[PDB]
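Each remark here refers to the structure printed beneath this line.
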Amino acid sequence: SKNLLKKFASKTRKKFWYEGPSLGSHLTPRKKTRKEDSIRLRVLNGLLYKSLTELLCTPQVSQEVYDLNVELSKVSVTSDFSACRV
Amino acid sequence: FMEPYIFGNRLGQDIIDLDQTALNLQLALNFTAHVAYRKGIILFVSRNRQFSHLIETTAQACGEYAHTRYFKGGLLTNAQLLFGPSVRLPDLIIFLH
Amino acid sequence: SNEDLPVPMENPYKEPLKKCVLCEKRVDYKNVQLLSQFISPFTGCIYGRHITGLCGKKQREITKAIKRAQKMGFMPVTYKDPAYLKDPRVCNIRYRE
Amino acid sequence: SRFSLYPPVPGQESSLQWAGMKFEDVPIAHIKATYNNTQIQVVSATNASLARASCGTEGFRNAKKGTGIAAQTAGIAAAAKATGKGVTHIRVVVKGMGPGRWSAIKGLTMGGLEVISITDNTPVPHXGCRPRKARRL
Amino acid sequence: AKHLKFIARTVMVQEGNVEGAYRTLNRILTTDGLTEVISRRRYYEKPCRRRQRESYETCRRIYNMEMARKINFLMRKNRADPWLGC
Amino acid sequence: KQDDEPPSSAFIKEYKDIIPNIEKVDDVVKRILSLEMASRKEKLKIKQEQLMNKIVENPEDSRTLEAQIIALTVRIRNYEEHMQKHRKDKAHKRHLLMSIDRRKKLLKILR
Amino acid sequence: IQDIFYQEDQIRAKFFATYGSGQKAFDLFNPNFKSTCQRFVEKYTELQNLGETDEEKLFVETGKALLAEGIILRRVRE
Amino acid sequence: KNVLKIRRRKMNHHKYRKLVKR
Amino acid sequence: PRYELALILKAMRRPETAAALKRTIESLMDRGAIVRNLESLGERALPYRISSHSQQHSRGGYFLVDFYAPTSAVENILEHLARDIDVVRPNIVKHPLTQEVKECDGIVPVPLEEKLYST
Amino acid sequence: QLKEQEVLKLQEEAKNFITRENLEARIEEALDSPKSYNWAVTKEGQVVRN
Amino acid sequence: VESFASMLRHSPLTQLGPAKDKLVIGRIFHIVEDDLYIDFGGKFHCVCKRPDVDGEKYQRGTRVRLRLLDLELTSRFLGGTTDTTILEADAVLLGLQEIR
RNA sequence: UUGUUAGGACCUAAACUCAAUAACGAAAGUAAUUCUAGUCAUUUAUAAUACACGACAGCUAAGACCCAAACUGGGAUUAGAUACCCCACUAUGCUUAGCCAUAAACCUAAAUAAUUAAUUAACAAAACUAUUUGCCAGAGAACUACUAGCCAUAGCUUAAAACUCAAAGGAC
Ligand code: FES
Ligand SMILES: [K+]
Ligand SMILES: [Mg+2]
Ligand SMILES: [Mg+2]
Ligand SMILES: [Mg+2]
Ligand SMILES: [Mg+2]
Ligand SMILES: [Mg+2]
Ligand SMILES: [Mg+2]
Ligand SMILES: [Mg+2]
Ligand SMILES: [Mg+2]
């Protein structure tokens, strides 16, 4: 009947989402700026920031690395998506 | 618009009635034969890249034409610019995809 | 007409619905050992249903039992009891180093 | 056969000692890290004051009083007074979330004190007092 | 106040690694949401303001989690070209 | 008040006709299943049944206008007792005035 | 769109729940392939033609018949 | 969606309230 | 109705604890109750320090009393128990067993389009 | 039938209810035998009782 | 002449039932570096990775064993009107089939 | 004054996490715990000159008072600063009685029962039929003047004309 999410559902749909089944040229292992690219690179930087902190302060990587307990300043992937800069 | 032709849904995968396919294929093959009989131009068109070489090889065997590459905007509506003054357009286009 | 035509029926292979780890179980305020499995060891804060993995109905049942146990003198508010630190881990959350 | 982050449970018996004292006996270093001044106090397990320091007492003033390096100096000063009184191991209860929250703990380590644990006691009301109104800028 | 001291929000230092313990305590408080709670309790957020923020953050989390699914889903097809030359 | 108020020793409507058949039941069991150890809601199910017998020709039917009117008279008298203690309860004051108006509407259709 | 469900599926669902998929691998390139499950359903049908009315009787008898044939049926609850 | 029509009413009511005060 | 008392008692020796449970259960009977069962849960450390009758308590004896009583007696019982000097904290609730574990067939999830664009 | 059974069950259960006559005796039996309502669960859903 | 309805009822794919966690035999028809394109008799092929053990054995025409998961990988996304498909199947390569 | 107190008092005020939930209620509104009372059947839509309600602010009397805070005072800034920032402290926010009856009281969606195809002004929230009531008829003047009713008295509801203009307004 009354949905609080309706107020902001349409605003966040252009800022945090794009339509169509298209993946960026950069996202492949191997131009004109687009808004979808900003979304496709913003989410990866957050996932890698969340996921690369689940390795430094966890035991999977190694025993010395686990002891290092390395917190991260920021994660930022290159627009070309050639490599990452953690 | 495809639901008329679907025999049913087998655990999520739509099945195509092969009886309607047989009737429709008979008409389509029959039409394609009279066009070829009358010496019309037939163009095979597809953008599926797995079958690009097969479809180009098929057209060459038939004696007809294939366009499996990127289709330029205006190829048919603006043919005279793209091809020349008196270019003859295809009389039939077969869309494998 | 045709003997081999498909027969209407409910899906024989329909997969069962997944249940929560507290489905069809009694959540009691006096069972502080079970309630402690859904709070934080350090702060004692109740976990959300995205961490606990419970359904809505059980998430509310655990929430009410924790608040009742805390307010009646059964469960500590600010931390998890050290006795229950060894109980199985059922929540998708990691805190160590 | 591993280290436990969880403090030795009070009232029980443990195998961990520091200079022949149990966890319940180690003196406590109370650090109040606010956004302007970082104060530090060390007390015995019977709640007797041993050392005290702060960015203000060290001599910093105004905006310098609330920097990381100002708290580090305050921690080193508190360590020196406590070390004289006979303190080698401290339990660090750090209240507050200001700039010298960590720096005060780093100064205490630089001053020759051995921190065995770090607690946090930042006040978190459970529903409490209305905070002051948002600043417009 | 009426609870026991040194059980809640307490971490133990391992091998005199006082920086590693402090980094662990912060991840615990950040994960339990105490850091965000203390940040927002410095000044008063009006009830209408609070509701607008929570509805926006919820919708941002939905569209972000959904965009992650779409990239992960469409990244399976990301591989060496099998039909090079056609 | 009203002529009839259910006694404290009366059984609830679920076991009203079941305990009499049972040959012998203890005093304690009779007290547990009486109206003394029940909520007020149970005491209202007994009041309604008594009125249906004394008024309706076919007490088995509860969907007749006469039965619906009896259902609203018990509620109205219940809401009135509620409002005598909770003088500033505005939700139940609305429940009382809306039930009175509902009864008047049904009495008009019955007439 | 009609969901395509034949009467054999009632039997097939039970076989997969009780024994899983046959350890022999499906070969979907052979147009006349007979799987372990399809042999179970063919025998289960034969017994039902005789007139057995109990599903439990038809399921345990069919298992015995295939055991005589030598097929390795593992009642894997896991 | 501008608020211009609301601003005209805003000024009318403000000026009217000051007239009543005088 | 059927009510479950949750009575935390002062930590005492068995002679005095038994006297406290006789005085308590007698009060329930004096309020028109029918006691059904008595359970002990053992003496333990309280989750926090409770102050009753000008004394701070860290340990108490946990007991349950199952009984029946009229709806009007619940308040009188809690009032009386709060005045007793050997009762750290009395709490009457409706008996849990009177409430029956519901039956569930699983979790059919809500779609995300319904969550955002909703009725 | 259901209500007759439910009434009969309560009559049998009422045999073991507490009364003034057996109060002191029932109090001592309770103190001797403590009860525990604590149990835990696993990721699978099994109940673990220590 | 057999009818289409009969052909579908007696089809190996109809006998397979649900394709989740089923075992099937496939054939490698295309290889791209260490990626194997395997036809298991369905509409869409699957793509697996060359196993470290006996890598050289997996050549074109080699029949293998698979554990199916989905016959087509598809999923509707928030705000979509149709399911997005990657035109691929999901299977886990188990190893070579014994010729015997 | 400050920091600590596993010291005492207080029960004022407000209810973290749960809540990534979307329940209850006519709306307003409502989420610390417990208990008591309690929501329910009119076929359905359709009501005012009647009745009962109605956030916040405000008024009346007696209390409360942790914190917040119009106003006010003090300090900064500025050409000025009757402001934004800093500090202090009131009315007030709380309780109990009564009044007041207003909100962007806005899902800017009247209610109800159908339909999804024989249907893109734009944007928003797909289109559209039927039934009943309410409401609208260029913009401003105008949440104004006068009238009547009201515990309202610098108030609310009801609500024009002269006169001016050739536009005002909505979406892209
Ligand atoms: S899924 Fe059944 S109660 Fe949670
Ligand atoms: K609105
Ligand atoms: Mg004007
Ligand atoms: Mg001033
Ligand atoms: Mg004041
Ligand atoms: Mg109005
Ligand atoms: Mg509102
Ligand atoms: Mg107005
Ligand atoms: Mg006016
Ligand atoms: Mg007037």
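Scheme for the structure tokens: letters A, B, ... for chains in order shown; per-chain residue numbers from 1; ligand numbers from 1 in order shown.
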List as a PDB file with N, CA and C atoms (P, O5', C5', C4', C3', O3' and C1' of nucleotides), in the first residue's frame the protein and nucleic acid residues lying within 10 Å of ligand 8, with only C-alpha atoms (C1' of nucleotides) and all ligand atoms counted.
ATOM      1  N   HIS H  13       1.271  36.209   2.127  1.00  0.00           N
ATOM      2  CA  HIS H  13       0.953  35.875   3.508  1.00  0.00           C
ATOM      3  C   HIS H  13       1.903  36.572   4.472  1.00  0.00           C
TER       4      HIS H  13
ATOM      5  P     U L 102      -8.664  23.261   9.952  1.00  0.00           P
ATOM      6  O5'   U L 102      -7.443  23.852   9.123  1.00  0.00           O
ATOM      7  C5'   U L 102      -6.934  25.143   9.411  1.00  0.00           C
ATOM      8  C4'   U L 102      -5.453  25.117   9.690  1.00  0.00           C
ATOM      9  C3'   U L 102      -4.602  24.311   8.725  1.00  0.00           C
ATOM     10  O3'   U L 102      -4.348  25.003   7.519  1.00  0.00           O
ATOM     11  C1'   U L 102      -3.911  23.906  10.963  1.00  0.00           C
ATOM     12  P     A L 103      -4.043  24.186   6.176  1.00  0.00           P
ATOM     13  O5'   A L 103      -2.746  23.345   6.544  1.00  0.00           O
ATOM     14  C5'   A L 103      -2.246  22.366   5.651  1.00  0.00           C
ATOM     15  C4'   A L 103      -0.779  22.120   5.868  1.00  0.00           C
ATOM     16  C3'   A L 103      -0.208  20.908   5.155  1.00  0.00           C
ATOM     17  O3'   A L 103       0.111  21.166   3.800  1.00  0.00           O
ATOM     18  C1'   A L 103       0.512  20.916   7.409  1.00  0.00           C
ATOM     19  P     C L 143      -3.501  34.255  -1.860  1.00  0.00           P
ATOM     20  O5'   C L 143      -4.279  34.147  -0.474  1.00  0.00           O
ATOM     21  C5'   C L 143      -5.633  33.723  -0.432  1.00  0.00           C
ATOM     22  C4'   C L 143      -5.928  32.903   0.798  1.00  0.00           C
ATOM     23  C3'   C L 143      -5.633  33.566   2.135  1.00  0.00           C
ATOM     24  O3'   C L 143      -6.661  34.448   2.552  1.00  0.00           O
ATOM     25  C1'   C L 143      -4.759  31.366   2.130  1.00  0.00           C
ATOM     26  P     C L 156      -5.990  32.404  10.190  1.00  0.00           P
ATOM     27  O5'   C L 156      -6.951  31.141  10.273  1.00  0.00           O
ATOM     28  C5'   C L 156      -6.445  29.860  10.613  1.00  0.00           C
ATOM     29  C4'   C L 156      -7.557  28.866  10.813  1.00  0.00           C
ATOM     30  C3'   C L 156      -8.535  28.722   9.658  1.00  0.00           C
ATOM     31  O3'   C L 156      -8.051  27.875   8.633  1.00  0.00           O
ATOM     32  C1'   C L 156      -9.733  28.935  11.682  1.00  0.00           C
TER      33        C L 156
END
Applying 12 Å and only C-alpha atoms (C1' of nucleotides), which residues near region 49-53 of chain E remain after dropping the ones on its own chain fewer than 2 positions away? List them as a list in words.
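Close residues of region 49-53 of chain E: residues 3, 4, 5, 6, 7, 8 and 9 of chain A; 134 of chain D; 40, 41, 44, 45, 46, 47, 55, 56, 57, 58, 59 and 60 of chain E; 19 of chain L.
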As a ChimeraX atom specification, please: every protein or nucleic acid residue near ligand 3 (cut-off 9 Å, counting only C-alpha atoms (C1' of nucleotides) and all ligand atoms).
/H:8-13,15 /L:140-141
Please write the residues from the selection above to a file, keeping C-alpha atoms (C1' of nucleotides), as a PDB file, in the first residue's frame.
ATOM      1  CA  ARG H   8       3.908  34.466  -4.587  1.00  0.00           C
ATOM      2  CA  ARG H   9       1.610  33.098  -1.881  1.00  0.00           C
ATOM      3  CA  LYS H  10       4.575  33.121   0.507  1.00  0.00           C
ATOM      4  CA  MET H  11       5.058  36.869   0.041  1.00  0.00           C
ATOM      5  CA  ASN H  12       1.341  37.688   0.193  1.00  0.00           C
ATOM      6  CA  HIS H  13       0.953  35.875   3.508  1.00  0.00           C
ATOM      7  CA  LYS H  15       3.064  40.942   4.052  1.00  0.00           C
TER       8      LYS H  15
ATOM      9  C1'   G L 140      -3.209  38.162 -10.931  1.00  0.00           C
ATOM     10  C1'   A L 141      -5.944  40.940  -7.370  1.00  0.00           C
TER      11        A L 141
END
Could you tell me which residues of chain G sit within 12 Å of chain B when counting only C-alpha atoms, and give me the result as JSON, numbers by chain?
{"G": [1, 2, 3, 4, 5, 6, 9]}
Surroundings of ligand 2 up to 8 Å, based on only C-alpha atoms (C1' of nucleotides) and all ligand atoms, as a PDB file with N, CA, C and O atoms (P, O5', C5', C4', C3', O3' and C1' of nucleotides), in the first residue's frame:
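The resulting part04.pdb:
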ATOM      1  P     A L 104      -1.025  21.092   2.668  1.00  0.00           P
ATOM      2  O5'   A L 104      -0.321  20.329   1.460  1.00  0.00           O
ATOM      3  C5'   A L 104       0.950  20.738   0.961  1.00  0.00           C
ATOM      4  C4'   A L 104       1.955  19.614   1.022  1.00  0.00           C
ATOM      5  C3'   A L 104       2.594  19.389   2.390  1.00  0.00           C
ATOM      6  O3'   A L 104       2.822  17.994   2.593  1.00  0.00           O
ATOM      7  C1'   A L 104       4.278  19.836   0.805  1.00  0.00           C
ATOM      8  P     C L 106      -2.772  14.426   2.144  1.00  0.00           P
ATOM      9  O5'   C L 106      -1.642  14.244   1.038  1.00  0.00           O
ATOM     10  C5'   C L 106      -1.410  12.982   0.420  1.00  0.00           C
ATOM     11  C4'   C L 106       0.003  12.863  -0.097  1.00  0.00           C
ATOM     12  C3'   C L 106       1.098  13.072   0.948  1.00  0.00           C
ATOM     13  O3'   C L 106       2.215  12.236   0.651  1.00  0.00           O
ATOM     14  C1'   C L 106       1.345  14.662  -0.772  1.00  0.00           C
ATOM     15  P     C L 107       2.354  10.787   1.325  1.00  0.00           P
ATOM     16  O5'   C L 107       1.766   9.804   0.219  1.00  0.00           O
ATOM     17  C5'   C L 107       2.391   8.559  -0.067  1.00  0.00           C
ATOM     18  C4'   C L 107       2.681   8.405  -1.539  1.00  0.00           C
ATOM     19  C3'   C L 107       2.232   9.571  -2.424  1.00  0.00           C
ATOM     20  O3'   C L 107       3.139   9.728  -3.515  1.00  0.00           O
ATOM     21  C1'   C L 107       1.173   7.601  -3.138  1.00  0.00           C
ATOM     22  P     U L 108       3.925  11.113  -3.734  1.00  0.00           P
ATOM     23  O5'   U L 108       2.786  12.223  -3.673  1.00  0.00           O
ATOM     24  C5'   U L 108       1.895  12.417  -4.765  1.00  0.00           C
ATOM     25  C4'   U L 108       0.757  13.333  -4.395  1.00  0.00           C
ATOM     26  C3'   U L 108      -0.393  13.373  -5.397  1.00  0.00           C
ATOM     27  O3'   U L 108      -1.629  13.571  -4.711  1.00  0.00           O
ATOM     28  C1'   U L 108       0.536  15.530  -5.186  1.00  0.00           C
TER      29        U L 108
END
Quick one: residues within 10 Å of region 3-11 of chain F, only C-alpha atoms (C1' of nucleotides) counted, chain neighbours fewer than 3 positions away excluded, as a PDB file with N, CA, C and O atoms, in the first residue's frame?
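This went into result_11.pdb:
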ATOM      1  N   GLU F  14     -16.384 -23.948  24.326  1.00  0.00           N
ATOM      2  CA  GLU F  14     -15.815 -25.136  23.697  1.00  0.00           C
ATOM      3  C   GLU F  14     -16.220 -26.400  24.443  1.00  0.00           C
ATOM      4  O   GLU F  14     -16.548 -27.417  23.821  1.00  0.00           O
ATOM      5  N   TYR F  15     -16.204 -26.357  25.775  1.00  0.00           N
ATOM      6  CA  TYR F  15     -16.503 -27.514  26.609  1.00  0.00           C
ATOM      7  C   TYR F  15     -17.857 -27.395  27.294  1.00  0.00           C
ATOM      8  O   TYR F  15     -18.134 -28.146  28.234  1.00  0.00           O
ATOM      9  N   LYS F  16     -18.706 -26.467  26.848  1.00  0.00           N
ATOM     10  CA  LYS F  16     -19.990 -26.262  27.510  1.00  0.00           C
ATOM     11  C   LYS F  16     -20.849 -27.517  27.451  1.00  0.00           C
ATOM     12  O   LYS F  16     -21.532 -27.857  28.424  1.00  0.00           O
ATOM     13  N   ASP F  17     -20.830 -28.220  26.319  1.00  0.00           N
ATOM     14  CA  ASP F  17     -21.642 -29.412  26.122  1.00  0.00           C
ATOM     15  C   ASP F  17     -20.845 -30.706  26.239  1.00  0.00           C
ATOM     16  O   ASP F  17     -21.420 -31.785  26.065  1.00  0.00           O
ATOM     17  N   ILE F  18     -19.549 -30.629  26.527  1.00  0.00           N
ATOM     18  CA  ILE F  18     -18.689 -31.805  26.566  1.00  0.00           C
ATOM     19  C   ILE F  18     -18.501 -32.321  27.987  1.00  0.00           C
ATOM     20  O   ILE F  18     -18.507 -33.531  28.212  1.00  0.00           O
ATOM     21  N   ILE F  19     -18.335 -31.426  28.954  1.00  0.00           N
ATOM     22  CA  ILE F  19     -18.091 -31.818  30.341  1.00  0.00           C
ATOM     23  C   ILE F  19     -19.329 -32.497  30.919  1.00  0.00           C
ATOM     24  O   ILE F  19     -19.193 -33.487  31.653  1.00  0.00           O
ATOM     25  N   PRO F  20     -20.542 -32.009  30.642  1.00  0.00           N
ATOM     26  CA  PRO F  20     -21.729 -32.709  31.162  1.00  0.00           C
ATOM     27  C   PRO F  20     -21.775 -34.179  30.788  1.00  0.00           C
ATOM     28  O   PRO F  20     -22.183 -35.012  31.608  1.00  0.00           O
ATOM     29  N   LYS F  30     -12.789 -28.698  36.558  1.00  0.00           N
ATOM     30  CA  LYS F  30     -13.946 -27.854  36.281  1.00  0.00           C
ATOM     31  C   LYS F  30     -13.598 -26.383  36.452  1.00  0.00           C
ATOM     32  O   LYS F  30     -14.120 -25.527  35.731  1.00  0.00           O
ATOM     33  N   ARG F  31     -12.716 -26.072  37.403  1.00  0.00           N
ATOM     34  CA  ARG F  31     -12.339 -24.682  37.639  1.00  0.00           C
ATOM     35  C   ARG F  31     -11.426 -24.161  36.538  1.00  0.00           C
ATOM     36  O   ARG F  31     -11.501 -22.985  36.167  1.00  0.00           O
ATOM     37  N   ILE F  32     -10.556 -25.019  36.003  1.00  0.00           N
ATOM     38  CA  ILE F  32      -9.662 -24.593  34.932  1.00  0.00           C
ATOM     39  C   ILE F  32     -10.451 -24.287  33.667  1.00  0.00           C
ATOM     40  O   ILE F  32     -10.117 -23.358  32.921  1.00  0.00           O
ATOM     41  N   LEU F  33     -11.504 -25.056  33.402  1.00  0.00           N
ATOM     42  CA  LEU F  33     -12.304 -24.896  32.198  1.00  0.00           C
ATOM     43  C   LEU F  33     -13.536 -24.033  32.431  1.00  0.00           C
ATOM     44  O   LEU F  33     -14.395 -23.945  31.550  1.00  0.00           O
ATOM     45  N   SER F  34     -13.637 -23.392  33.593  1.00  0.00           N
ATOM     46  CA  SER F  34     -14.737 -22.488  33.878  1.00  0.00           C
ATOM     47  C   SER F  34     -14.428 -21.101  33.322  1.00  0.00           C
ATOM     48  O   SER F  34     -13.387 -20.863  32.703  1.00  0.00           O
ATOM     49  N   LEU F  35     -15.352 -20.167  33.543  1.00  0.00           N
ATOM     50  CA  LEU F  35     -15.162 -18.793  33.105  1.00  0.00           C
ATOM     51  C   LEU F  35     -14.294 -17.989  34.062  1.00  0.00           C
ATOM     52  O   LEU F  35     -13.966 -16.839  33.756  1.00  0.00           O
ATOM     53  N   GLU F  36     -13.913 -18.565  35.203  1.00  0.00           N
ATOM     54  CA  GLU F  36     -13.044 -17.864  36.141  1.00  0.00           C
ATOM     55  C   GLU F  36     -11.603 -17.813  35.654  1.00  0.00           C
ATOM     56  O   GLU F  36     -10.897 -16.837  35.927  1.00  0.00           O
ATOM     57  N   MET F  37     -11.153 -18.842  34.936  1.00  0.00           N
ATOM     58  CA  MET F  37      -9.783 -18.926  34.446  1.00  0.00           C
ATOM     59  C   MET F  37      -9.707 -18.639  32.952  1.00  0.00           C
ATOM     60  O   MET F  37      -8.833 -19.158  32.256  1.00  0.00           O
ATOM     61  N   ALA F  38     -10.620 -17.815  32.449  1.00  0.00           N
ATOM     62  CA  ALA F  38     -10.684 -17.474  31.039  1.00  0.00           C
ATOM     63  C   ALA F  38     -10.622 -15.963  30.869  1.00  0.00           C
ATOM     64  O   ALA F  38     -10.833 -15.199  31.814  1.00  0.00           O
ATOM     65  N   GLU F  42     -13.899 -14.837  26.280  1.00  0.00           N
ATOM     66  CA  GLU F  42     -14.659 -16.074  26.427  1.00  0.00           C
ATOM     67  C   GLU F  42     -15.996 -15.822  27.112  1.00  0.00           C
ATOM     68  O   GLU F  42     -17.003 -16.451  26.768  1.00  0.00           O
ATOM     69  N   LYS F  43     -16.027 -14.913  28.088  1.00  0.00           N
ATOM     70  CA  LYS F  43     -17.284 -14.603  28.757  1.00  0.00           C
ATOM     71  C   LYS F  43     -18.283 -13.972  27.800  1.00  0.00           C
ATOM     72  O   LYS F  43     -19.496 -14.067  28.021  1.00  0.00           O
ATOM     73  N   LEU F  44     -17.801 -13.323  26.739  1.00  0.00           N
ATOM     74  CA  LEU F  44     -18.700 -12.717  25.767  1.00  0.00           C
ATOM     75  C   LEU F  44     -19.270 -13.746  24.802  1.00  0.00           C
ATOM     76  O   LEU F  44     -20.364 -13.542  24.265  1.00  0.00           O
ATOM     77  N   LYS F  45     -18.554 -14.847  24.563  1.00  0.00           N
ATOM     78  CA  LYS F  45     -19.099 -15.903  23.718  1.00  0.00           C
ATOM     79  C   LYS F  45     -20.260 -16.609  24.402  1.00  0.00           C
ATOM     80  O   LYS F  45     -21.118 -17.186  23.727  1.00  0.00           O
ATOM     81  N   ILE F  46     -20.299 -16.576  25.734  1.00  0.00           N
ATOM     82  CA  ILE F  46     -21.402 -17.184  26.467  1.00  0.00           C
ATOM     83  C   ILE F  46     -22.598 -16.241  26.504  1.00  0.00           C
ATOM     84  O   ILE F  46     -23.748 -16.679  26.394  1.00  0.00           O
ATOM     85  N   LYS F  47     -22.353 -14.938  26.658  1.00  0.00           N
ATOM     86  CA  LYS F  47     -23.451 -13.977  26.649  1.00  0.00           C
ATOM     87  C   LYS F  47     -24.180 -13.992  25.314  1.00  0.00           C
ATOM     88  O   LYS F  47     -25.415 -13.970  25.269  1.00  0.00           O
ATOM     89  N   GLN F  50     -26.445 -17.100  24.873  1.00  0.00           N
ATOM     90  CA  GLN F  50     -27.672 -17.020  25.660  1.00  0.00           C
ATOM     91  C   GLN F  50     -28.713 -16.148  24.973  1.00  0.00           C
ATOM     92  O   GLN F  50     -29.901 -16.490  24.948  1.00  0.00           O
ATOM     93  N   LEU F  51     -28.289 -15.019  24.403  1.00  0.00           N
ATOM     94  CA  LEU F  51     -29.246 -14.108  23.785  1.00  0.00           C
ATOM     95  C   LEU F  51     -29.818 -14.699  22.505  1.00  0.00           C
ATOM     96  O   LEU F  51     -30.992 -14.484  22.187  1.00  0.00           O
TER      97      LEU F  51
END
List all protein, DNA and RNA residues that have an atom no more than 12 Å from any atom of ligand 5, counting only C-alpha atoms (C1' of nucleotides) and all ligand atoms, and report them as a ChimeraX atom specification.
/L:64-69,89-94
Using DSSP on the backbone coordinates, identify all residues within region 2-61 of chain G classified as helix (DSSP H, G or I); present the result as a VMD selection string.
chain G and resid 8 to 19 36 to 50 55 to 61
Up to 12 Å from chain K, what residues of chain C turn up? Count only C-alpha atoms and give them as an NGL selection string.
:C and (1-7 or 11-15)
Kindly save the residues from that selection, with C-alpha atoms included, as a PDB file, in the first residue's frame.
ATOM      1  CA  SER C   1      -6.516 -39.070 -30.720  1.00  0.00           C
ATOM      2  CA  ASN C   2      -2.847 -39.383 -29.731  1.00  0.00           C
ATOM      3  CA  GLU C   3      -1.733 -41.552 -26.822  1.00  0.00           C
ATOM      4  CA  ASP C   4       1.665 -39.840 -26.515  1.00  0.00           C
ATOM      5  CA  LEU C   5       0.356 -36.307 -25.972  1.00  0.00           C
ATOM      6  CA  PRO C   6       1.458 -34.799 -22.641  1.00  0.00           C
ATOM      7  CA  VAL C   7      -0.712 -35.166 -19.551  1.00  0.00           C
ATOM      8  CA  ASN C  11       5.444 -30.938 -11.529  1.00  0.00           C
ATOM      9  CA  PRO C  12       6.729 -34.333 -10.302  1.00  0.00           C
ATOM     10  CA  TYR C  13      10.301 -33.036 -10.009  1.00  0.00           C
ATOM     11  CA  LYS C  14       9.438 -29.828  -8.151  1.00  0.00           C
ATOM     12  CA  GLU C  15      12.264 -29.091  -5.744  1.00  0.00           C
TER      13      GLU C  15
END
Please identify all protein, DNA and RNA residues within 8 Å of ligand 10, counting only C-alpha atoms (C1' of nucleotides) and all ligand atoms, and report them as a PyMOL selection string.
chain L and resi 145-147
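Going from atom 1 (S, counted along the ligand's line) of ligand 1 over to CA of residue 55 (chain C), you cover 5.4 Å.
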Exercise: region 44-52 of chain C partners within 6 Å, only C-alpha atoms (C1' of nucleotides), chain neighbours under 6 positions left out, as a PyMOL selection string:
(chain C and resi 38+78-80+91-92) or (chain L and resi 17-18)
Region 42-53 of chain I environment, 6 Å, only C-alpha atoms (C1' of nucleotides), sequence neighbours closer than 3 positions dropped, as a short mmCIF file (atom, residue, chain, number, x, y, z; two decimals) with N, CA, C and O atoms, in the first residue's frame:
data_model
loop_
_atom_site.label_atom_id
_atom_site.label_comp_id
_atom_site.auth_asym_id
_atom_site.auth_seq_id
_atom_site.Cartn_x
_atom_site.Cartn_y
_atom_site.Cartn_z
N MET C 75 19.67 -12.91 29.86
CA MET C 75 20.69 -12.72 28.85
C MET C 75 21.38 -11.38 29.05
O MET C 75 20.71 -10.38 29.34
N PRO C 76 22.71 -11.31 28.93
CA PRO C 76 23.38 -10.01 28.99
C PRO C 76 23.13 -9.19 27.74
O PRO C 76 22.93 -9.72 26.64
N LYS E 2 26.06 -1.62 34.71
CA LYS E 2 25.71 -2.71 35.61
C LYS E 2 26.25 -4.05 35.11
O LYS E 2 26.12 -5.07 35.79
N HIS E 3 26.85 -4.04 33.92
CA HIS E 3 27.46 -5.23 33.37
C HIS E 3 28.88 -5.39 33.92
O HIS E 3 29.34 -4.62 34.76
N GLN I 56 22.55 -4.81 46.16
CA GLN I 56 23.01 -5.15 44.82
C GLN I 56 23.26 -6.65 44.74
O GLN I 56 23.85 -7.24 45.65
N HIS I 57 22.79 -7.27 43.66
CA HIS I 57 22.83 -8.71 43.49
C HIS I 57 23.63 -9.08 42.25
O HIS I 57 23.43 -8.50 41.18
N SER I 58 24.54 -10.05 42.41
CA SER I 58 25.27 -10.61 41.29
C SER I 58 24.94 -12.07 41.03
O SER I 58 25.23 -12.57 39.94
N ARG I 59 24.33 -12.76 41.99
CA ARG I 59 23.94 -14.15 41.87
C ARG I 59 22.52 -14.32 42.36
O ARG I 59 22.12 -13.69 43.35
N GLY I 60 21.74 -15.15 41.67
CA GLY I 60 20.39 -15.43 42.09
C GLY I 60 19.98 -16.83 41.68
O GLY I 60 20.59 -17.45 40.81
N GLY I 61 18.93 -17.33 42.34
CA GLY I 61 18.36 -18.62 42.02
C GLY I 61 17.18 -18.48 41.08
O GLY I 61 16.20 -17.80 41.39
N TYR I 62 17.28 -19.14 39.93
CA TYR I 62 16.26 -19.07 38.90
C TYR I 62 15.22 -20.16 39.13
O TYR I 62 15.58 -21.34 39.29
N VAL I 88 14.48 -11.11 43.64
CA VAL I 88 15.28 -10.16 42.88
C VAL I 88 14.45 -9.54 41.75
O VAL I 88 14.47 -8.33 41.54
N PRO J 34 17.65 -29.90 39.00
CA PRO J 34 17.60 -28.72 38.13
C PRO J 34 17.27 -29.10 36.70
O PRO J 34 17.54 -30.21 36.24
#
